[PDB]
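Scroll down for the structure; my scribbles are underneath it.
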Amino acid sequence: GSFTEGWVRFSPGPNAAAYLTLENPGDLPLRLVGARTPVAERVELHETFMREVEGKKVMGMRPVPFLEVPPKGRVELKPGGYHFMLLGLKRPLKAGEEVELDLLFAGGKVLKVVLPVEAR
């Protein structure tokens with residue numbers, strides 16, 4: 091919550107999670123449609139919601155078709171909110187290394203980042 095700040099939360103498998111602060115320096119908007127990583131096979135952008143059922147508020151996660159960001163704008167993939175779900179962990183994971191990550195955007199854009207391995 092100041093610059094491009096993110097991390098990947100590991101597991102022994104079959105699934106895991108990844109997060110970041112994300113922002114647009116351009117004069118047209120960004121639309122973030124996924125990511126891509128060496129530590130997982132399946133990877134998906136999800137939300138976390140509040141939603142009513144019995145009139146009472148219930149909370150949980152689900153995939154979204156995308157996220158997006160206005161020009162000169164910013165968002166954060168907060169764990170109580172938007173994030174990546176990971177499935178089929180194609181590497182075993184050891185704490186205190188990094189995950190190379192390709193953030194996927196609508197059309198011919200992908201933006202490469204590198205972010206640390208949290209164990210949790």
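Quick note on numbering: the sequence shown equals residues 91 to 210 in this note's numbering. Cβ coordinates follow ideal geometry from the N, Cα and C atoms, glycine included.
Could you check the C-alpha separation between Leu193 and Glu113 for me, to the nearest Å? 12 Å
Quick one: give me the first and last residue of the beta strand (DSSP E) that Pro206 is part of. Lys199 to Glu208
Using 10 angstroms around the beta-carbon of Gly96, count the other beta-carbons present and answer buried if the total reaches 16, otherwise exposed. Per the 10 Å Cβ criterion, buried.
For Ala108, three-class secondary structure by DSSP: strand
Which residues DSSP lists as bridging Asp192, in chain order: Bridge partners of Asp192: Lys202.
Residues bridged to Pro153 [DSSP beta-bridge criterion]: Beta-bridge pairing links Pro153 to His136.
What is the DSSP secondary structure of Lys162, counted as helix, strand or coil? coil
Of the residues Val207, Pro206 and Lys199, which one's Cα is nearest the Cα of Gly116? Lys199
Which one or two residues does DSSP pair with residue 48 in a beta bridge? With the chain covering only 91 through 210, there is no way to say anything about residue 48.
Output the distance between the C-alpha atoms of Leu201 and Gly178, rounded to the nearest integer angstrom. Straight-line measurement puts the Cα of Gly178 at about 23 Å from the Cα of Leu201.
Assuming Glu137 and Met151 form a contact by the criterion Cβ under 8 Å, report the distance between their Cβ atoms to the nearest whole angstrom. Yes, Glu137 and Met151 are in contact; Cβ-Cβ is about 7 Å, under 8 Å.
Could you check which residue in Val159, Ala196, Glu131 and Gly91 has the C-alpha nearest to that of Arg181? Comparing Cα positions, the closest option is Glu131.
When DSSP labels each residue in this structure, what does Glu113 get in the three-state scheme? strand
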